[PDB]
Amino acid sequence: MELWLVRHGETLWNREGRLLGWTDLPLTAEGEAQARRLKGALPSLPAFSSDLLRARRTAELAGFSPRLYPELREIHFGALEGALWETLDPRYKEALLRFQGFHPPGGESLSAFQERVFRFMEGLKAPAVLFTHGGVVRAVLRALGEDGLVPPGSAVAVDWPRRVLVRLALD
């Protein structure tokens, strides 16, 4: 199934290097610029989006009117929301780098996050564009055996659950 995943435009915590999960930050001016550039660069397909502001706004500026699903939200970092990556306990750093065994207090475990994301994707019956988050795109790319890091406001098309089709980044 052809699915286009879009990482929302940048927020202040991208440059600041803070864990950004359910904290509902708005897009920066550049983030909105990134979203506008996606318009015309993404296929005209049904759209779905995380209900968090930064994702919804990216979808809007990109020219879509998505159906909202909390299932497309970034992982819930719990007590680690807003934590500087730099000062994160080594155990958490390793868990996030290896993408396994991560369960922050008051938040979601990586396994629960994956179950949520993959259950949502399995339910998609036709090609669509998904406005979502870095961790969601990462979960998908990693499951397809590739490095999951993509720039803010960029997209990746995949033939789910088989392979990555293309990565699209704009200057």
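Counting begins at 1, following the sequence as shown.
Student: Averaged over C-alpha atoms, is the B-factor higher for 109-117 or for 33-41 in this PDB entry?
Tutor: Averaged over C-alpha atoms, the B-factors run higher in 33-41.
Student: Look up the CA B-factors in the entry and say which stretch, 61-69 or 125-133, has the higher mean.
Tutor: According to the entry, 61-69 carries the higher average C-alpha B-factor.
Student: Going by the CA temperature factor in the entry, name the top one among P161, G21, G17, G153.
Tutor: So the option with the highest C-alpha B-factor is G17.
Student: What third of its chain's C-alpha B-factors does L25 belong to: lowest, middle or highest?
Tutor: For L25, whose C-alpha B-factor we compare with every modelled residue in the chain, the answer is the middle third.
Student: Considering every modelled residue of the chain and its Cα B-factor in the PDB entry, is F77 in the lowest, middle or highest third?
Tutor: Its C-alpha B-factor belongs to the lowest third of this chain's values.
Student: Could you say whether, by C-alpha temperature factor, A169 belongs to the lowest, middle or highest third of its chain?
Tutor: Highest third.
Student: Within this chain's modelled residues, let me know which third the CA B factor of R138 belongs to: lowest, middle or highest.
Tutor: Answer is lowest: the recorded C-alpha B-factor places it there.
Student: Please rank the C-alpha B-factors of the chain's modelled residues and tell me whether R54 sits in the lowest, middle or highest third.
Tutor: Lowest third of the chain for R54's C-alpha B-factor.
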